[PDB]
file protein27.txt (compact mmCIF, N, CA and C atoms and all ligand atoms)
# COMPACT_ATOMS: atom_id res chain seq x y z
N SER T 7 -55.94 88.96 -26.22
CA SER T 7 -54.63 89.38 -25.75
C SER T 7 -54.30 90.76 -26.33
N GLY T 8 -53.30 91.44 -25.77
CA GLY T 8 -52.87 92.74 -26.28
C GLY T 8 -52.28 93.62 -25.19
N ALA T 9 -51.51 94.60 -25.58
CA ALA T 9 -50.85 95.48 -24.62
C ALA T 9 -50.70 96.89 -25.17
N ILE T 10 -50.50 97.86 -24.28
CA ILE T 10 -50.11 99.21 -24.69
C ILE T 10 -48.61 99.30 -24.47
N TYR T 11 -47.86 99.85 -25.46
CA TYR T 11 -46.41 100.03 -25.32
C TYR T 11 -46.12 101.54 -25.37
N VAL T 12 -45.92 102.15 -24.21
CA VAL T 12 -45.64 103.57 -24.06
C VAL T 12 -44.35 103.75 -23.32
N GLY T 13 -43.41 104.52 -23.89
CA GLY T 13 -42.12 104.70 -23.24
C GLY T 13 -41.44 103.35 -23.01
N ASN T 14 -40.97 103.11 -21.76
CA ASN T 14 -40.42 101.81 -21.39
C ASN T 14 -41.40 101.04 -20.51
N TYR T 15 -42.70 101.15 -20.85
CA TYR T 15 -43.73 100.43 -20.10
C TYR T 15 -44.54 99.55 -21.05
N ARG T 16 -45.04 98.42 -20.51
CA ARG T 16 -45.97 97.52 -21.19
C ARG T 16 -47.17 97.43 -20.26
N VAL T 17 -48.34 97.86 -20.76
CA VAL T 17 -49.58 97.86 -19.95
C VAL T 17 -50.45 96.71 -20.43
N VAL T 18 -50.79 95.78 -19.54
CA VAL T 18 -51.61 94.61 -19.89
C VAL T 18 -52.73 94.42 -18.90
N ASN T 19 -53.69 93.52 -19.24
CA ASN T 19 -54.70 93.13 -18.27
C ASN T 19 -53.96 92.34 -17.20
N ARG T 20 -54.21 92.66 -15.92
CA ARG T 20 -53.54 91.92 -14.84
C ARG T 20 -53.81 90.42 -14.96
N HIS T 21 -55.02 90.04 -15.36
CA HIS T 21 -55.37 88.62 -15.42
C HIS T 21 -54.67 87.86 -16.55
N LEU T 22 -54.05 88.57 -17.51
CA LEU T 22 -53.30 87.96 -18.61
C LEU T 22 -51.79 88.20 -18.51
N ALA T 23 -51.31 88.79 -17.38
CA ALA T 23 -49.88 89.05 -17.24
C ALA T 23 -49.07 87.76 -17.27
N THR T 24 -47.91 87.82 -17.91
CA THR T 24 -47.01 86.65 -17.98
C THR T 24 -46.05 86.62 -16.79
N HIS T 25 -45.27 85.52 -16.66
CA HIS T 25 -44.26 85.48 -15.63
C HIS T 25 -43.21 86.57 -15.83
N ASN T 26 -42.84 86.87 -17.08
CA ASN T 26 -41.88 87.93 -17.33
C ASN T 26 -42.43 89.29 -16.88
N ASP T 27 -43.74 89.54 -17.06
CA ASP T 27 -44.35 90.79 -16.57
C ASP T 27 -44.20 90.88 -15.02
N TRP T 28 -44.52 89.81 -14.30
CA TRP T 28 -44.38 89.81 -12.85
C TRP T 28 -42.94 89.96 -12.37
N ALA T 29 -41.98 89.42 -13.13
CA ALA T 29 -40.56 89.52 -12.80
C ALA T 29 -39.97 90.89 -13.12
N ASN T 30 -40.71 91.72 -13.88
CA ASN T 30 -40.24 93.08 -14.25
C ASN T 30 -41.36 94.07 -13.92
N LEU T 31 -42.00 93.89 -12.76
CA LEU T 31 -43.18 94.62 -12.37
C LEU T 31 -42.93 96.07 -12.01
N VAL T 32 -43.76 96.99 -12.53
CA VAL T 32 -43.74 98.39 -12.13
C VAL T 32 -44.92 98.67 -11.18
N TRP T 33 -46.15 98.24 -11.54
CA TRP T 33 -47.34 98.58 -10.77
C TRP T 33 -48.44 97.63 -11.14
N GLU T 34 -49.29 97.23 -10.18
CA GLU T 34 -50.45 96.40 -10.48
C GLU T 34 -51.61 96.74 -9.58
N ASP T 35 -52.84 96.56 -10.06
CA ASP T 35 -54.02 96.87 -9.27
C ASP T 35 -55.12 95.92 -9.69
N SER T 36 -55.45 94.95 -8.83
CA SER T 36 -56.47 93.97 -9.13
C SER T 36 -57.85 94.61 -9.29
N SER T 37 -58.14 95.66 -8.48
CA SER T 37 -59.45 96.33 -8.61
C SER T 37 -59.65 96.99 -9.96
N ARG T 38 -58.59 97.28 -10.71
CA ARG T 38 -58.71 97.89 -12.04
C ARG T 38 -58.42 96.88 -13.18
N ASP T 39 -57.96 95.64 -12.85
CA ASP T 39 -57.51 94.67 -13.85
C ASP T 39 -56.35 95.17 -14.67
N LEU T 40 -55.42 95.91 -14.02
CA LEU T 40 -54.26 96.42 -14.76
C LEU T 40 -52.94 95.99 -14.17
N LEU T 41 -51.95 95.79 -15.02
CA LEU T 41 -50.58 95.53 -14.59
C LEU T 41 -49.65 96.20 -15.57
N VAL T 42 -48.57 96.84 -15.06
CA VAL T 42 -47.58 97.47 -15.91
C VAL T 42 -46.21 96.90 -15.61
N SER T 43 -45.49 96.46 -16.65
CA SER T 43 -44.13 95.94 -16.52
C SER T 43 -43.14 96.83 -17.31
N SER T 44 -41.85 96.66 -17.05
CA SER T 44 -40.84 97.47 -17.73
C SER T 44 -40.35 96.76 -19.01
N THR T 45 -39.95 97.57 -20.03
CA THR T 45 -39.46 97.02 -21.30
C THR T 45 -38.07 97.54 -21.61
N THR T 46 -37.33 96.79 -22.43
CA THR T 46 -36.01 97.25 -22.85
C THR T 46 -36.16 98.24 -24.02
N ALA T 47 -37.04 97.92 -24.98
CA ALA T 47 -37.24 98.81 -26.13
C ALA T 47 -38.33 99.86 -25.86
N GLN T 48 -38.23 101.03 -26.48
CA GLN T 48 -39.23 102.09 -26.36
C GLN T 48 -40.42 101.80 -27.24
N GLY T 49 -41.62 102.06 -26.70
CA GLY T 49 -42.86 101.83 -27.42
C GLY T 49 -43.32 103.05 -28.19
N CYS T 50 -44.32 102.84 -29.06
CA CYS T 50 -44.81 103.93 -29.93
C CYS T 50 -46.19 104.44 -29.64
N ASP T 51 -46.87 103.86 -28.66
CA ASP T 51 -48.21 104.33 -28.32
C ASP T 51 -48.12 105.59 -27.47
N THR T 52 -49.06 106.48 -27.64
CA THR T 52 -49.15 107.69 -26.78
C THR T 52 -50.45 107.59 -26.01
N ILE T 53 -50.46 108.01 -24.74
CA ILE T 53 -51.68 107.96 -23.95
C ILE T 53 -52.50 109.24 -24.14
N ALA T 54 -53.80 109.09 -24.32
CA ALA T 54 -54.73 110.19 -24.41
C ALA T 54 -54.85 110.87 -23.01
N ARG T 55 -54.86 112.21 -23.02
CA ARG T 55 -55.06 112.98 -21.78
C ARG T 55 -56.22 113.92 -22.12
N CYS T 56 -57.44 113.43 -21.98
CA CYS T 56 -58.62 114.10 -22.51
C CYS T 56 -59.90 113.61 -21.82
N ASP T 57 -61.05 114.17 -22.28
CA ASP T 57 -62.34 113.74 -21.78
C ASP T 57 -63.21 113.12 -22.86
N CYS T 58 -62.62 112.53 -23.88
CA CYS T 58 -63.41 111.88 -24.94
C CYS T 58 -64.29 110.76 -24.37
N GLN T 59 -65.52 110.65 -24.88
CA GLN T 59 -66.36 109.52 -24.53
C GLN T 59 -66.89 108.82 -25.83
N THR T 60 -66.18 109.07 -26.96
CA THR T 60 -66.34 108.36 -28.20
C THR T 60 -64.94 107.99 -28.72
N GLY T 61 -64.83 106.85 -29.33
CA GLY T 61 -63.54 106.38 -29.82
C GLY T 61 -63.72 105.11 -30.61
N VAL T 62 -62.59 104.39 -30.82
CA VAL T 62 -62.60 103.17 -31.62
C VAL T 62 -61.82 102.10 -30.90
N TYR T 63 -62.36 100.85 -30.84
CA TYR T 63 -61.60 99.78 -30.20
C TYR T 63 -61.33 98.61 -31.16
N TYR T 64 -60.27 97.86 -30.88
CA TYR T 64 -59.96 96.65 -31.64
C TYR T 64 -60.57 95.40 -31.01
N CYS T 65 -61.31 94.68 -31.84
CA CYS T 65 -61.96 93.42 -31.47
C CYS T 65 -61.28 92.27 -32.17
N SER T 66 -60.42 91.52 -31.45
CA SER T 66 -59.68 90.42 -32.07
C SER T 66 -60.54 89.28 -32.62
N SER T 67 -61.70 89.01 -31.96
CA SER T 67 -62.62 87.95 -32.42
C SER T 67 -63.41 88.30 -33.67
N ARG T 68 -63.21 89.52 -34.18
CA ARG T 68 -63.78 89.95 -35.46
C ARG T 68 -62.73 90.50 -36.42
N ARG T 69 -61.47 90.61 -35.98
CA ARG T 69 -60.41 91.28 -36.78
C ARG T 69 -60.89 92.67 -37.27
N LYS T 70 -61.51 93.41 -36.37
CA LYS T 70 -62.12 94.68 -36.78
C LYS T 70 -61.99 95.74 -35.73
N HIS T 71 -61.86 97.01 -36.16
CA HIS T 71 -61.92 98.16 -35.25
C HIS T 71 -63.35 98.74 -35.35
N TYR T 72 -64.00 98.93 -34.20
CA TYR T 72 -65.38 99.45 -34.16
C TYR T 72 -65.47 100.79 -33.48
N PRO T 73 -66.21 101.74 -34.04
CA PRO T 73 -66.44 103.00 -33.32
C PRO T 73 -67.46 102.78 -32.20
N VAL T 74 -67.22 103.38 -31.04
CA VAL T 74 -68.12 103.22 -29.90
C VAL T 74 -68.27 104.49 -29.12
N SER T 75 -69.43 104.63 -28.46
CA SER T 75 -69.67 105.61 -27.40
C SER T 75 -69.50 104.84 -26.09
N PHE T 76 -68.79 105.41 -25.10
CA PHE T 76 -68.53 104.66 -23.88
C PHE T 76 -68.79 105.55 -22.66
N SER T 77 -69.13 104.92 -21.53
CA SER T 77 -69.43 105.64 -20.30
C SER T 77 -68.16 106.17 -19.61
N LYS T 78 -68.31 107.11 -18.71
CA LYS T 78 -67.19 107.66 -17.97
C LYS T 78 -66.65 106.60 -16.99
N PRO T 79 -65.36 106.63 -16.67
CA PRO T 79 -64.79 105.62 -15.76
C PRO T 79 -65.55 105.56 -14.44
N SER T 80 -65.95 104.35 -14.03
CA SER T 80 -66.80 104.19 -12.87
C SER T 80 -66.54 102.86 -12.20
N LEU T 81 -67.20 102.67 -11.03
CA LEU T 81 -67.14 101.45 -10.25
C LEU T 81 -68.32 100.60 -10.72
N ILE T 82 -68.04 99.49 -11.40
CA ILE T 82 -69.05 98.62 -12.03
C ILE T 82 -68.96 97.19 -11.50
N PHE T 83 -70.10 96.55 -11.25
CA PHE T 83 -70.09 95.17 -10.76
C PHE T 83 -69.80 94.23 -11.92
N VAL T 84 -68.79 93.36 -11.71
CA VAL T 84 -68.39 92.40 -12.72
C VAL T 84 -68.58 90.97 -12.13
N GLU T 85 -69.33 90.16 -12.86
CA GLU T 85 -69.67 88.80 -12.45
C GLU T 85 -68.43 87.94 -12.22
N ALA T 86 -68.52 86.93 -11.31
CA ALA T 86 -67.41 85.97 -11.06
C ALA T 86 -67.02 85.31 -12.34
N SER T 87 -65.73 85.15 -12.53
CA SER T 87 -65.20 84.50 -13.72
C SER T 87 -64.11 83.50 -13.24
N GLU T 88 -63.38 82.91 -14.17
CA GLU T 88 -62.26 82.03 -13.80
C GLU T 88 -61.03 82.87 -13.35
N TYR T 89 -61.07 84.24 -13.49
CA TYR T 89 -59.96 85.11 -13.10
C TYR T 89 -60.18 85.89 -11.87
N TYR T 90 -61.47 86.22 -11.52
CA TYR T 90 -61.73 87.01 -10.32
C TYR T 90 -63.06 86.55 -9.71
N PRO T 91 -63.27 86.71 -8.40
CA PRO T 91 -64.62 86.50 -7.84
C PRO T 91 -65.54 87.67 -8.25
N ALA T 92 -66.84 87.58 -7.95
CA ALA T 92 -67.79 88.67 -8.22
C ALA T 92 -67.35 89.87 -7.42
N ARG T 93 -67.21 91.04 -8.11
CA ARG T 93 -66.69 92.19 -7.40
C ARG T 93 -66.97 93.47 -8.18
N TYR T 94 -66.65 94.61 -7.55
CA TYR T 94 -66.70 95.87 -8.24
C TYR T 94 -65.32 96.13 -8.82
N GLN T 95 -65.27 96.48 -10.12
CA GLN T 95 -64.03 96.87 -10.79
C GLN T 95 -64.08 98.38 -10.94
N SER T 96 -62.99 99.08 -10.58
CA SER T 96 -62.97 100.52 -10.68
C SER T 96 -62.37 101.00 -12.02
N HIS T 97 -62.65 102.27 -12.36
CA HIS T 97 -62.12 102.93 -13.55
C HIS T 97 -62.51 102.14 -14.83
N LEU T 98 -63.71 101.57 -14.82
CA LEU T 98 -64.21 100.76 -15.94
C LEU T 98 -65.24 101.58 -16.74
N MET T 99 -65.15 101.51 -18.08
CA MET T 99 -66.06 102.23 -18.99
C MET T 99 -66.78 101.18 -19.86
N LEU T 100 -68.11 101.28 -20.01
CA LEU T 100 -68.84 100.33 -20.83
C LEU T 100 -69.31 100.92 -22.14
N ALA T 101 -69.44 100.05 -23.16
CA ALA T 101 -69.98 100.43 -24.46
C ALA T 101 -70.77 99.24 -25.00
N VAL T 102 -71.59 99.47 -26.04
CA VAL T 102 -72.26 98.41 -26.74
C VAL T 102 -71.28 97.95 -27.87
N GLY T 103 -70.92 96.69 -27.83
CA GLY T 103 -70.02 96.13 -28.83
C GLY T 103 -69.71 94.70 -28.54
N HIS T 104 -69.50 94.14 -29.68
CA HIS T 104 -69.13 92.74 -29.37
C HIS T 104 -67.84 92.59 -28.54
N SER T 105 -67.84 91.58 -27.69
CA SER T 105 -66.70 91.05 -26.91
C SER T 105 -66.99 89.67 -26.26
N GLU T 106 -66.01 88.69 -26.54
CA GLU T 106 -66.00 87.31 -26.11
C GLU T 106 -64.42 86.88 -25.68
N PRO T 107 -64.14 85.75 -25.14
CA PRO T 107 -62.95 85.38 -24.76
C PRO T 107 -61.99 85.20 -26.06
N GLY T 108 -60.67 85.78 -25.79
CA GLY T 108 -59.70 86.13 -26.85
C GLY T 108 -59.48 87.48 -26.82
N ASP T 109 -60.56 88.11 -25.95
CA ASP T 109 -60.47 89.68 -26.25
C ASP T 109 -60.08 90.72 -25.23
N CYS T 110 -59.67 90.32 -24.05
CA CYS T 110 -59.02 91.48 -23.32
C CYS T 110 -57.62 91.74 -23.91
N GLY T 111 -57.40 93.12 -23.87
CA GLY T 111 -56.13 93.65 -24.32
C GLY T 111 -56.23 94.51 -25.57
N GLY T 112 -57.35 94.42 -26.28
CA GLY T 112 -57.52 95.27 -27.45
C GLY T 112 -57.53 96.76 -27.07
N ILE T 113 -56.93 97.62 -27.88
CA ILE T 113 -56.90 99.04 -27.52
C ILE T 113 -58.16 99.79 -27.88
N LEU T 114 -58.59 100.66 -26.95
CA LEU T 114 -59.58 101.68 -27.23
C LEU T 114 -58.79 103.01 -27.39
N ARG T 115 -59.07 103.75 -28.44
CA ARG T 115 -58.35 105.00 -28.72
C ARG T 115 -59.30 106.08 -29.20
N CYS T 116 -58.82 107.33 -29.06
CA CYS T 116 -59.52 108.50 -29.62
C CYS T 116 -58.44 109.29 -30.46
N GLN T 117 -58.77 110.51 -30.98
CA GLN T 117 -57.78 111.29 -31.73
C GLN T 117 -56.57 111.70 -30.90
N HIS T 118 -56.70 111.68 -29.55
CA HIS T 118 -55.59 112.08 -28.67
C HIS T 118 -54.63 110.96 -28.33
N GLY T 119 -55.02 109.70 -28.57
CA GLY T 119 -54.15 108.60 -28.24
C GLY T 119 -54.93 107.46 -27.61
N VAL T 120 -54.18 106.59 -26.90
CA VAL T 120 -54.79 105.41 -26.28
C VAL T 120 -55.57 105.78 -25.02
N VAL T 121 -56.81 105.30 -24.90
CA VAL T 121 -57.70 105.60 -23.80
C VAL T 121 -57.67 104.46 -22.77
N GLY T 122 -57.59 103.21 -23.24
CA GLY T 122 -57.61 102.06 -22.33
C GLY T 122 -57.63 100.75 -23.10
N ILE T 123 -57.87 99.63 -22.39
CA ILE T 123 -57.84 98.32 -23.05
C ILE T 123 -59.08 97.54 -22.69
N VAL T 124 -59.51 96.63 -23.58
CA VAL T 124 -60.66 95.78 -23.27
C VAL T 124 -60.37 94.95 -22.02
N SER T 125 -61.33 94.93 -21.07
CA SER T 125 -61.18 94.19 -19.82
C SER T 125 -62.40 93.32 -19.52
N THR T 126 -63.59 93.64 -20.04
CA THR T 126 -64.79 92.81 -19.74
C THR T 126 -65.63 92.63 -21.02
N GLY T 127 -66.53 91.64 -21.02
CA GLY T 127 -67.37 91.40 -22.20
C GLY T 127 -68.65 90.66 -21.85
N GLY T 128 -69.34 90.24 -22.92
CA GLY T 128 -70.56 89.45 -22.83
C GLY T 128 -71.82 90.28 -23.01
N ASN T 129 -72.90 89.61 -23.41
CA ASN T 129 -74.20 90.24 -23.48
C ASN T 129 -74.29 91.38 -24.50
N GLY T 130 -73.40 91.45 -25.49
CA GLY T 130 -73.40 92.56 -26.41
C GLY T 130 -72.80 93.83 -25.80
N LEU T 131 -72.06 93.70 -24.69
CA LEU T 131 -71.37 94.82 -24.04
C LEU T 131 -69.88 94.57 -24.08
N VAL T 132 -69.12 95.66 -24.05
CA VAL T 132 -67.67 95.57 -23.96
C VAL T 132 -67.22 96.60 -22.87
N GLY T 133 -66.33 96.22 -21.98
CA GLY T 133 -65.85 97.13 -20.94
C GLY T 133 -64.37 97.38 -21.12
N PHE T 134 -63.97 98.61 -20.83
CA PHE T 134 -62.57 99.03 -21.03
C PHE T 134 -61.99 99.57 -19.72
N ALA T 135 -60.80 99.13 -19.41
CA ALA T 135 -60.04 99.68 -18.24
C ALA T 135 -59.40 100.99 -18.69
N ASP T 136 -59.77 102.13 -18.09
CA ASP T 136 -59.22 103.43 -18.44
C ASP T 136 -57.78 103.51 -17.95
N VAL T 137 -56.94 104.18 -18.74
CA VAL T 137 -55.56 104.49 -18.32
C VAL T 137 -55.25 106.00 -18.34
N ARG T 138 -56.24 106.84 -18.68
CA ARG T 138 -55.95 108.25 -18.87
C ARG T 138 -55.54 109.00 -17.60
N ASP T 139 -55.87 108.46 -16.40
CA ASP T 139 -55.47 109.13 -15.16
C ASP T 139 -54.04 108.74 -14.73
N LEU T 140 -53.41 107.75 -15.38
CA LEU T 140 -52.07 107.23 -14.99
C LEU T 140 -51.01 108.10 -15.64
N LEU T 141 -50.81 109.29 -15.05
CA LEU T 141 -49.95 110.30 -15.67
C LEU T 141 -48.50 109.88 -15.72
N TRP T 142 -48.09 109.05 -14.75
CA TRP T 142 -46.72 108.59 -14.69
C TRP T 142 -46.33 107.73 -15.89
N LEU T 143 -47.28 107.19 -16.68
CA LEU T 143 -46.90 106.43 -17.88
C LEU T 143 -46.14 107.32 -18.88
N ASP T 144 -46.29 108.66 -18.79
CA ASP T 144 -45.63 109.60 -19.73
C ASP T 144 -44.22 110.00 -19.31
N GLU T 145 -43.72 109.51 -18.17
CA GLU T 145 -42.39 109.91 -17.71
C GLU T 145 -41.49 108.73 -17.35
N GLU T 146 -40.19 108.99 -17.12
CA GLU T 146 -39.16 108.05 -16.66
C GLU T 146 -38.75 107.07 -17.75
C1 LIG F 201 -64.48 89.62 -21.59
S1 LIG F 201 -65.48 88.35 -22.54
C2 LIG F 201 -66.51 87.24 -21.52
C3 LIG F 201 -67.75 86.89 -22.34
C4 LIG F 201 -68.66 85.92 -21.58
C5 LIG F 201 -69.06 86.48 -20.24
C6 LIG F 201 -67.84 86.88 -19.41
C7 LIG F 201 -66.90 87.81 -20.16
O1 LIG F 201 -65.70 87.87 -19.36
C8 LIG F 201 -65.53 88.94 -18.61
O2 LIG F 201 -66.25 89.90 -18.62
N1 LIG F 201 -64.43 88.84 -17.86
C9 LIG F 201 -63.62 87.62 -17.77
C10 LIG F 201 -62.14 87.94 -17.59
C11 LIG F 201 -61.94 88.91 -16.42
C12 LIG F 201 -62.79 90.17 -16.61
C13 LIG F 201 -62.59 91.16 -15.47
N2 LIG F 201 -61.98 92.29 -15.79
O3 LIG F 201 -62.98 90.91 -14.33
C14 LIG F 201 -64.25 89.71 -16.69
ZN ZN F 202 -59.49 112.07 -26.65

call {"tool": "encode", "arguments": {"input": "protein27.txt", "output": "structure tokens"}}
result
Amino acid sequence: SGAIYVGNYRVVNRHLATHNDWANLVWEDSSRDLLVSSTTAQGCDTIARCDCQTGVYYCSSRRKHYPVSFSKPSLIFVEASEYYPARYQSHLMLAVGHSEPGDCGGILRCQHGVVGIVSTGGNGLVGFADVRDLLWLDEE
């Protein structure tokens, strides 16, 4: 589990969104596994606006932050799960790192700010949903 709190927005994995997130919905995209809801309090995270392909992510199943090299956002095939059928997920970046269930929502960050959140795992790989192109998270 986990979320990004920027401005008056809460960014979560669409597959882990709560009823309150759906009742206060700003934007959602199943092809990216992302959902954004509105918040009453202001958040403290800042979004990275950069081209970093190295950073650090939080792994809840290890209580640890790991440094990783990750691929550029791309269209990647993700196996059928209990949340989605087999499909291509867009704006997904892969790295070598542990990831198991408990773990979407952990933040990936660089020196510029938050890059994205854990969205896929298994096989000694970890995948992250990029948020750096969502410029509107910085306004309103
Ligand atoms: C993420 S850990 C898990 C490890 C065992 C193998 C499967 C791994 O699950 C995933 O990759 N998922 C499940 C939740 C939805 C994700 C998505 N964004 O489509 C895909
Ligand atoms: Zn950066």

call {"tool": "closest_residue", "arguments": {"input": "protein27.txt", "among": "T:84, T:38, T:125, T:130", "to": "residue T:108", "atoms": "only C-alpha atoms"}}
result
T:125

call {"tool": "closest_residue", "arguments": {"input": "protein27.txt", "among": "T:66, T:96, T:37, T:48", "to": "residue T:79", "atoms": "all atoms listed in the file"}}
result
T:96

call {"tool": "axis_aligned_box", "arguments": {"input": "protein27.txt", "around": "stretch 42-53 of chain T", "padding_each_side": "4 Å", "output": "lines of an AutoDock Vina configuration file"}}
result
center_x = -44.3
center_y = 102.6
center_z = -22.5
size_x = 24.5
size_y = 21.3
size_z = 22.9

call {"tool": "closest_atom_pairs", "arguments": {"input": "protein27.txt", "of": "chain T", "to": "ligand ZN 202 (chain F)", "cutoff": "9 Å", "atoms": "only C-alpha atoms and all ligand atoms", "output": "Markdown table"}}
result
| residue | atom | partner | partner_atom | distance |
| --- | --- | --- | --- | --- |
| T:54 | CA | F:ZN202 | ZN | 5.6 |
| T:55 | CA | F:ZN202 | ZN | 6.6 |
| T:56 | CA | F:ZN202 | ZN | 4.7 |
| T:57 | CA | F:ZN202 | ZN | 5.9 |
| T:58 | CA | F:ZN202 | ZN | 4.3 |
| T:59 | CA | F:ZN202 | ZN | 7.6 |
| T:60 | CA | F:ZN202 | ZN | 7.9 |
| T:61 | CA | F:ZN202 | ZN | 7.7 |
| T:115 | CA | F:ZN202 | ZN | 7.5 |
| T:116 | CA | F:ZN202 | ZN | 4.6 |
| T:117 | CA | F:ZN202 | ZN | 5.4 |
| T:118 | CA | F:ZN202 | ZN | 4.4 |
| T:119 | CA | F:ZN202 | ZN | 6.6 |
| T:120 | CA | F:ZN202 | ZN | 8.2 |
| T:121 | CA | F:ZN202 | ZN | 7.3 |

call {"tool": "closest_residue", "arguments": {"input": "protein27.txt", "among": "T:143, T:132, T:82, T:101", "to": "residue T:12", "atoms": "only N, CA and C atoms"}}
result
T:143

call {"tool": "residues_near_ligand", "arguments": {"input": "protein27.txt", "ligand": "ligand LIG 201 (chain F)", "cutoff": "6.5 Å", "atoms": "all atoms listed in the file", "output": "list in words"}}
result
residues 38, 39, 84, 85, 87, 88, 89, 90, 105, 106, 107, 108, 109, 110, 125, 126, 127, 128 and 129 of chain T

call {"tool": "write_last_selection", "arguments": {"input": "protein27.txt", "atoms": "N, CA and C atoms", "output": "PDB file, in the frame of the given file"}}
result
ATOM      1  N   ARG T  38     -58.590  97.280 -10.710  1.00  0.00           N
ATOM      2  CA  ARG T  38     -58.710  97.890 -12.040  1.00  0.00           C
ATOM      3  C   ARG T  38     -58.420  96.880 -13.180  1.00  0.00           C
ATOM      4  N   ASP T  39     -57.960  95.640 -12.850  1.00  0.00           N
ATOM      5  CA  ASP T  39     -57.510  94.670 -13.850  1.00  0.00           C
ATOM      6  C   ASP T  39     -56.350  95.170 -14.670  1.00  0.00           C
ATOM      7  N   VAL T  84     -68.790  93.360 -11.710  1.00  0.00           N
ATOM      8  CA  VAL T  84     -68.390  92.400 -12.720  1.00  0.00           C
ATOM      9  C   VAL T  84     -68.580  90.970 -12.130  1.00  0.00           C
ATOM     10  N   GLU T  85     -69.330  90.160 -12.860  1.00  0.00           N
ATOM     11  CA  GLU T  85     -69.670  88.800 -12.450  1.00  0.00           C
ATOM     12  C   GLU T  85     -68.430  87.940 -12.220  1.00  0.00           C
ATOM     13  N   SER T  87     -65.730  85.150 -12.530  1.00  0.00           N
ATOM     14  CA  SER T  87     -65.200  84.500 -13.720  1.00  0.00           C
ATOM     15  C   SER T  87     -64.110  83.500 -13.240  1.00  0.00           C
ATOM     16  N   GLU T  88     -63.380  82.910 -14.170  1.00  0.00           N
ATOM     17  CA  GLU T  88     -62.260  82.030 -13.800  1.00  0.00           C
ATOM     18  C   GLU T  88     -61.030  82.870 -13.350  1.00  0.00           C
ATOM     19  N   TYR T  89     -61.070  84.240 -13.490  1.00  0.00           N
ATOM     20  CA  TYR T  89     -59.960  85.110 -13.100  1.00  0.00           C
ATOM     21  C   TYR T  89     -60.180  85.890 -11.870  1.00  0.00           C
ATOM     22  N   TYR T  90     -61.470  86.220 -11.520  1.00  0.00           N
ATOM     23  CA  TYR T  90     -61.730  87.010 -10.320  1.00  0.00           C
ATOM     24  C   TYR T  90     -63.060  86.550  -9.710  1.00  0.00           C
ATOM     25  N   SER T 105     -67.840  91.580 -27.690  1.00  0.00           N
ATOM     26  CA  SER T 105     -66.700  91.050 -26.910  1.00  0.00           C
ATOM     27  C   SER T 105     -66.990  89.670 -26.260  1.00  0.00           C
ATOM     28  N   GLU T 106     -66.010  88.690 -26.540  1.00  0.00           N
ATOM     29  CA  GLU T 106     -66.000  87.310 -26.110  1.00  0.00           C
ATOM     30  C   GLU T 106     -64.420  86.880 -25.680  1.00  0.00           C
ATOM     31  N   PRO T 107     -64.140  85.750 -25.140  1.00  0.00           N
ATOM     32  CA  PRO T 107     -62.950  85.380 -24.760  1.00  0.00           C
ATOM     33  C   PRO T 107     -61.990  85.200 -26.060  1.00  0.00           C
ATOM     34  N   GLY T 108     -60.670  85.780 -25.790  1.00  0.00           N
ATOM     35  CA  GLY T 108     -59.700  86.130 -26.850  1.00  0.00           C
ATOM     36  C   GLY T 108     -59.480  87.480 -26.820  1.00  0.00           C
ATOM     37  N   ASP T 109     -60.560  88.110 -25.950  1.00  0.00           N
ATOM     38  CA  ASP T 109     -60.470  89.680 -26.250  1.00  0.00           C
ATOM     39  C   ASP T 109     -60.080  90.720 -25.230  1.00  0.00           C
ATOM     40  N   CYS T 110     -59.670  90.320 -24.050  1.00  0.00           N
ATOM     41  CA  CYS T 110     -59.020  91.480 -23.320  1.00  0.00           C
ATOM     42  C   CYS T 110     -57.620  91.740 -23.910  1.00  0.00           C
ATOM     43  N   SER T 125     -61.330  94.930 -21.070  1.00  0.00           N
ATOM     44  CA  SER T 125     -61.180  94.190 -19.820  1.00  0.00           C
ATOM     45  C   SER T 125     -62.400  93.320 -19.520  1.00  0.00           C
ATOM     46  N   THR T 126     -63.590  93.640 -20.040  1.00  0.00           N
ATOM     47  CA  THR T 126     -64.790  92.810 -19.740  1.00  0.00           C
ATOM     48  C   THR T 126     -65.630  92.630 -21.020  1.00  0.00           C
ATOM     49  N   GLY T 127     -66.530  91.640 -21.020  1.00  0.00           N
ATOM     50  CA  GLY T 127     -67.370  91.400 -22.200  1.00  0.00           C
ATOM     51  C   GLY T 127     -68.650  90.660 -21.850  1.00  0.00           C
ATOM     52  N   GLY T 128     -69.340  90.240 -22.920  1.00  0.00           N
ATOM     53  CA  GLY T 128     -70.560  89.450 -22.830  1.00  0.00           C
ATOM     54  C   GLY T 128     -71.820  90.280 -23.010  1.00  0.00           C
ATOM     55  N   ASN T 129     -72.900  89.610 -23.410  1.00  0.00           N
ATOM     56  CA  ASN T 129     -74.200  90.240 -23.480  1.00  0.00           C
ATOM     57  C   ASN T 129     -74.290  91.380 -24.500  1.00  0.00           C
TER      58      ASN T 129
END
